[PDB]
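Enquirer: Contents of model_5.pdb (PDB, N, CA, C and O atoms):
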ATOM      1  N   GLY A   1       5.417 -29.354  -3.950  1.00  0.00           N
ATOM      2  CA  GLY A   1       5.588 -28.670  -2.637  1.00  0.00           C
ATOM      3  C   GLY A   1       4.290 -27.955  -2.261  1.00  0.00           C
ATOM      4  O   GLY A   1       3.509 -28.444  -1.467  1.00  0.00           O
ATOM      5  N   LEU A   2       4.053 -26.800  -2.824  1.00  0.00           N
ATOM      6  CA  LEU A   2       2.803 -26.051  -2.498  1.00  0.00           C
ATOM      7  C   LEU A   2       2.597 -24.904  -3.493  1.00  0.00           C
ATOM      8  O   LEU A   2       3.543 -24.294  -3.954  1.00  0.00           O
ATOM      9  N   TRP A   3       1.368 -24.607  -3.822  1.00  0.00           N
ATOM     10  CA  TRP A   3       1.098 -23.499  -4.786  1.00  0.00           C
ATOM     11  C   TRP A   3       0.722 -22.222  -4.028  1.00  0.00           C
ATOM     12  O   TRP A   3      -0.051 -21.414  -4.504  1.00  0.00           O
ATOM     13  N   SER A   4       1.262 -22.037  -2.850  1.00  0.00           N
ATOM     14  CA  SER A   4       0.939 -20.814  -2.054  1.00  0.00           C
ATOM     15  C   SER A   4      -0.578 -20.641  -1.928  1.00  0.00           C
ATOM     16  O   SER A   4      -1.344 -21.509  -2.301  1.00  0.00           O
ATOM     17  N   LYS A   5      -1.017 -19.528  -1.405  1.00  0.00           N
ATOM     18  CA  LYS A   5      -2.484 -19.298  -1.254  1.00  0.00           C
ATOM     19  C   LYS A   5      -2.766 -17.810  -1.032  1.00  0.00           C
ATOM     20  O   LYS A   5      -3.636 -17.234  -1.656  1.00  0.00           O
ATOM     21  N   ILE A   6      -2.036 -17.185  -0.148  1.00  0.00           N
ATOM     22  CA  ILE A   6      -2.257 -15.733   0.117  1.00  0.00           C
ATOM     23  C   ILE A   6      -1.002 -14.936  -0.252  1.00  0.00           C
ATOM     24  O   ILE A   6      -0.344 -14.366   0.596  1.00  0.00           O
ATOM     25  N   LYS A   7      -0.668 -14.893  -1.515  1.00  0.00           N
ATOM     26  CA  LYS A   7       0.543 -14.135  -1.944  1.00  0.00           C
ATOM     27  C   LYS A   7       0.133 -12.874  -2.709  1.00  0.00           C
ATOM     28  O   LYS A   7       0.591 -11.786  -2.420  1.00  0.00           O
ATOM     29  N   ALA A   8      -0.728 -13.014  -3.682  1.00  0.00           N
ATOM     30  CA  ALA A   8      -1.168 -11.823  -4.467  1.00  0.00           C
ATOM     31  C   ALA A   8      -1.931 -10.852  -3.568  1.00  0.00           C
ATOM     32  O   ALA A   8      -1.938  -9.657  -3.788  1.00  0.00           O
ATOM     33  N   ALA A   9      -2.571 -11.365  -2.562  1.00  0.00           N
ATOM     34  CA  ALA A   9      -3.341 -10.494  -1.636  1.00  0.00           C
ATOM     35  C   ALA A   9      -2.391  -9.717  -0.724  1.00  0.00           C
ATOM     36  O   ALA A   9      -2.442  -8.505  -0.648  1.00  0.00           O
ATOM     37  N   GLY A  10      -1.522 -10.407  -0.032  1.00  0.00           N
ATOM     38  CA  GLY A  10      -0.566  -9.709   0.876  1.00  0.00           C
ATOM     39  C   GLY A  10       0.334  -8.788   0.054  1.00  0.00           C
ATOM     40  O   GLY A  10       0.500  -7.626   0.369  1.00  0.00           O
ATOM     41  N   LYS A  11       0.913  -9.295  -1.005  1.00  0.00           N
ATOM     42  CA  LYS A  11       1.795  -8.441  -1.856  1.00  0.00           C
ATOM     43  C   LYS A  11       1.043  -7.170  -2.262  1.00  0.00           C
ATOM     44  O   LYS A  11       1.633  -6.142  -2.529  1.00  0.00           O
ATOM     45  N   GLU A  12      -0.261  -7.241  -2.302  1.00  0.00           N
ATOM     46  CA  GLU A  12      -1.069  -6.054  -2.675  1.00  0.00           C
ATOM     47  C   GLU A  12      -1.523  -5.312  -1.415  1.00  0.00           C
ATOM     48  O   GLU A  12      -1.802  -4.129  -1.447  1.00  0.00           O
ATOM     49  N   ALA A  13      -1.603  -6.001  -0.304  1.00  0.00           N
ATOM     50  CA  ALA A  13      -2.043  -5.338   0.959  1.00  0.00           C
ATOM     51  C   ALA A  13      -1.087  -4.201   1.326  1.00  0.00           C
ATOM     52  O   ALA A  13      -1.395  -3.037   1.164  1.00  0.00           O
ATOM     53  N   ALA A  14       0.068  -4.538   1.825  1.00  0.00           N
ATOM     54  CA  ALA A  14       1.059  -3.491   2.216  1.00  0.00           C
ATOM     55  C   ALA A  14       1.331  -2.542   1.043  1.00  0.00           C
ATOM     56  O   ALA A  14       1.505  -1.352   1.224  1.00  0.00           O
ATOM     57  N   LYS A  15       1.367  -3.059  -0.155  1.00  0.00           N
ATOM     58  CA  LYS A  15       1.626  -2.185  -1.338  1.00  0.00           C
ATOM     59  C   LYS A  15       0.407  -1.303  -1.618  1.00  0.00           C
ATOM     60  O   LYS A  15      -0.257  -1.444  -2.626  1.00  0.00           O
ATOM     61  N   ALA A  16       0.111  -0.389  -0.730  1.00  0.00           N
ATOM     62  CA  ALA A  16      -1.058   0.514  -0.929  1.00  0.00           C
ATOM     63  C   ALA A  16      -1.183   1.474   0.256  1.00  0.00           C
ATOM     64  O   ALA A  16      -1.070   2.675   0.110  1.00  0.00           O
ATOM     65  N   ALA A  17      -1.412   0.948   1.428  1.00  0.00           N
ATOM     66  CA  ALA A  17      -1.543   1.818   2.636  1.00  0.00           C
ATOM     67  C   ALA A  17      -0.328   2.732   2.770  1.00  0.00           C
ATOM     68  O   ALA A  17      -0.443   3.938   2.851  1.00  0.00           O
ATOM     69  N   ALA A  18       0.831   2.146   2.800  1.00  0.00           N
ATOM     70  CA  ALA A  18       2.093   2.942   2.936  1.00  0.00           C
ATOM     71  C   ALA A  18       2.081   4.161   2.004  1.00  0.00           C
ATOM     72  O   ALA A  18       2.336   5.273   2.424  1.00  0.00           O
ATOM     73  N   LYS A  19       1.786   3.961   0.747  1.00  0.00           N
ATOM     74  CA  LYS A  19       1.758   5.112  -0.203  1.00  0.00           C
ATOM     75  C   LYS A  19       0.532   5.981   0.073  1.00  0.00           C
ATOM     76  O   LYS A  19       0.641   7.160   0.349  1.00  0.00           O
ATOM     77  N   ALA A  20      -0.637   5.400  -0.003  1.00  0.00           N
ATOM     78  CA  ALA A  20      -1.886   6.181   0.251  1.00  0.00           C
ATOM     79  C   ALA A  20      -1.786   6.937   1.580  1.00  0.00           C
ATOM     80  O   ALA A  20      -2.374   7.987   1.753  1.00  0.00           O
ATOM     81  N   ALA A  21      -1.048   6.409   2.518  1.00  0.00           N
ATOM     82  CA  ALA A  21      -0.906   7.089   3.835  1.00  0.00           C
ATOM     83  C   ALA A  21      -0.092   8.372   3.678  1.00  0.00           C
ATOM     84  O   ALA A  21      -0.565   9.459   3.952  1.00  0.00           O
ATOM     85  N   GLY A  22       1.132   8.252   3.242  1.00  0.00           N
ATOM     86  CA  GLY A  22       1.992   9.459   3.065  1.00  0.00           C
ATOM     87  C   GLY A  22       1.318  10.439   2.101  1.00  0.00           C
ATOM     88  O   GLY A  22       1.583  11.625   2.125  1.00  0.00           O
ATOM     89  N   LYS A  23       0.448   9.955   1.252  1.00  0.00           N
ATOM     90  CA  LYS A  23      -0.241  10.863   0.287  1.00  0.00           C
ATOM     91  C   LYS A  23      -0.952  11.996   1.036  1.00  0.00           C
ATOM     92  O   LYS A  23      -0.572  13.146   0.941  1.00  0.00           O
ATOM     93  N   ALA A  24      -1.979  11.680   1.781  1.00  0.00           N
ATOM     94  CA  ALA A  24      -2.709  12.740   2.539  1.00  0.00           C
ATOM     95  C   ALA A  24      -1.737  13.526   3.421  1.00  0.00           C
ATOM     96  O   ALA A  24      -1.984  14.661   3.780  1.00  0.00           O
ATOM     97  N   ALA A  25      -0.632  12.927   3.767  1.00  0.00           N
ATOM     98  CA  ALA A  25       0.369  13.629   4.622  1.00  0.00           C
ATOM     99  C   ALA A  25       0.874  14.889   3.917  1.00  0.00           C
ATOM    100  O   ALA A  25       0.708  15.992   4.400  1.00  0.00           O
ATOM    101  N   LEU A  26       1.489  14.730   2.776  1.00  0.00           N
ATOM    102  CA  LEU A  26       2.010  15.909   2.029  1.00  0.00           C
ATOM    103  C   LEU A  26       0.891  16.929   1.796  1.00  0.00           C
ATOM    104  O   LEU A  26       1.081  18.119   1.965  1.00  0.00           O
ATOM    105  N   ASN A  27      -0.272  16.474   1.409  1.00  0.00           N
ATOM    106  CA  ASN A  27      -1.402  17.419   1.168  1.00  0.00           C
ATOM    107  C   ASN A  27      -1.761  18.154   2.462  1.00  0.00           C
ATOM    108  O   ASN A  27      -2.257  19.264   2.438  1.00  0.00           O
ATOM    109  N   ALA A  28      -1.512  17.545   3.591  1.00  0.00           N
ATOM    110  CA  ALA A  28      -1.837  18.210   4.888  1.00  0.00           C
ATOM    111  C   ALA A  28      -0.914  19.402   5.117  1.00  0.00           C
ATOM    112  O   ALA A  28      -1.329  20.544   5.097  1.00  0.00           O
ATOM    113  N   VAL A  29       0.335  19.134   5.333  1.00  0.00           N
ATOM    114  CA  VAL A  29       1.320  20.231   5.569  1.00  0.00           C
ATOM    115  C   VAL A  29       1.332  21.193   4.375  1.00  0.00           C
ATOM    116  O   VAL A  29       1.345  22.398   4.538  1.00  0.00           O
ATOM    117  N   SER A  30       1.331  20.669   3.179  1.00  0.00           N
ATOM    118  CA  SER A  30       1.344  21.549   1.975  1.00  0.00           C
ATOM    119  C   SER A  30       0.137  22.492   1.987  1.00  0.00           C
ATOM    120  O   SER A  30       0.134  23.520   1.338  1.00  0.00           O
ATOM    121  N   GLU A  31      -0.886  22.146   2.718  1.00  0.00           N
ATOM    122  CA  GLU A  31      -2.093  23.012   2.778  1.00  0.00           C
ATOM    123  C   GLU A  31      -1.945  24.059   3.887  1.00  0.00           C
ATOM    124  O   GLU A  31      -2.556  25.110   3.845  1.00  0.00           O
ATOM    125  N   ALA A  32      -1.141  23.779   4.878  1.00  0.00           N
ATOM    126  CA  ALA A  32      -0.956  24.755   5.993  1.00  0.00           C
ATOM    127  C   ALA A  32       0.056  25.831   5.597  1.00  0.00           C
ATOM    128  O   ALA A  32      -0.016  26.959   6.045  1.00  0.00           O
ATOM    129  N   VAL A  33       1.004  25.493   4.761  1.00  0.00           N
ATOM    130  CA  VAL A  33       2.026  26.497   4.336  1.00  0.00           C
ATOM    131  C   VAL A  33       1.344  27.737   3.746  1.00  0.00           C
ATOM    132  O   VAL A  33       1.767  28.833   4.072  1.00  0.00           O
TER     133      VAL A  33
END
Can you present the structure in this file as structure tokens?
Expert:
Amino acid sequence: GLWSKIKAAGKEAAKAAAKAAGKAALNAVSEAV
């Protein structure tokens, strides 16, 4: 059938921004308190 081509990259793409994004978020408000 097919051995895929862009799977490890995409699976790693979204798996990073989402977390790294909310990261600076907590540090932001947690710094204003």
Enquirer: Find the distance between atom O of residue 14 in chain A and CA of residue 30 in chain A and write it in Å to one decimal.
Expert: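 Value for the atom O of residue 14 in chain A-CA of residue 30 in chain A distance: 22.9 Å.
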Enquirer: So which bits of chain A end up helix (DSSP H, G or I) when you DSSP the backbone, as JSON, numbers by chain?
Expert: {"A": [8, 9, 10, 11, 12, 13, 14, 15, 16, 17, 18, 19, 20, 21, 22, 23, 24, 25, 26, 27, 28, 29, 30, 31, 32]}
Enquirer: When you draw a straight line from CA of residue 32 in chain A to CA of residue 19 in chain A, how long is it in Å?
Expert: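 That distance, rounded to one decimal, is 20.8 Å.
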Enquirer: Using Å and a single decimal, report how far atom C of residue 11 in chain A sits from atom N of residue 24 in chain A.
Expert: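 A separation of 19.5 Å between them.
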